[PDB]
Ligand SMILES: [Ca+2]
Ligand SMILES: [Ca+2]
């Protein structure tokens, strides 16, 4: 299948070179996989989700996304127009308030919730969790991420937007999960993207068009935007049977475009998420 005039990030992950505008992908499109978006919520009524999104848990007064961040990330995972895995099932877990903030205790609870909840869902091709959030180092937050991964969920997390070594941020610094940095449309490391030896992979993160609340769209930037590209790619690859939740991050790194990025500090991987599609 081919989506013409796609958002640049979708085109990038299906090409060996930058500057293309078509997103090439297998028609299976992540059908049968499930992705939990652990964030500010999801506006599940957005036409772009086609009835494939639903809120399953909130830690606040409402399950509504009053911010937009969660809806944007969910859109990059699996909306019709802006998504990597266009037929996946999306589950929203609201651990961040409508200002985009949340206590570590709540974020940890949300992770432990997903590890349990997945046992009540029909996700025959596998389960992914996308965490576009983080803050300063916490061994408890790292441990929760490690538990979620251990339970059989592919965990993708943002490296963070401090232009610093991700070793000092959580859950970015947990080695057992998939830590995602951001790149721009000219194959540069995004100027805000964290780096360091703990990064596993880069995905598109600057000027990413996706869904927004009020049934709208907008373009924003961050490692928060790169993370759902990788989460969506994982769901896509699991549906194709190419990899499993335990090994998806490694498989994605193994099959990545290598050496394409500029402004990568020595010691940081130069690997860009790639779906290896061949018609
Ligand atoms: Ca290349
Ligand atoms: Ca890792």
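Just so it is clear, chain A uses Swiss-Prot numbers, and the residues here are 106-384, in order.
Header entry for method reads X-ray crystallography, 1.6 Å.
Cβ from N, Cα, C; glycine included.
Among the candidates 217, 222, 305, 312, the one that Swiss-Prot lists alongside 280, 282 as binding Ca(2+) 1 is 305. In the three-state DSSP assignment, the secondary structure recorded for residue 354 (disulfide bond) is helix. Rounded to a whole number, the C-alpha distance linking residue 139 (disulfide bond) with residue 282 (Ca(2+) 1 binding site) is 17 angstrom. Taking a C-beta cut-off of under 8 Å and a sequence gap of six or more, residue 280 (Ca(2+) 1 binding site) has these contacts in its own chain: 303. Counting in whole angstrom, residue 144 (active site, charge relay system) lies 7 from residue 174 (active site, charge relay system) by their C-alpha atoms. On its own chain, residue 283 (disulfide bond) has 259, 260, 261, 262, 305, 306, 335, 339, 353, 354, 357 as residues at least 6 apart in sequence with a Cβ closer than 8 Å to its own Cβ.
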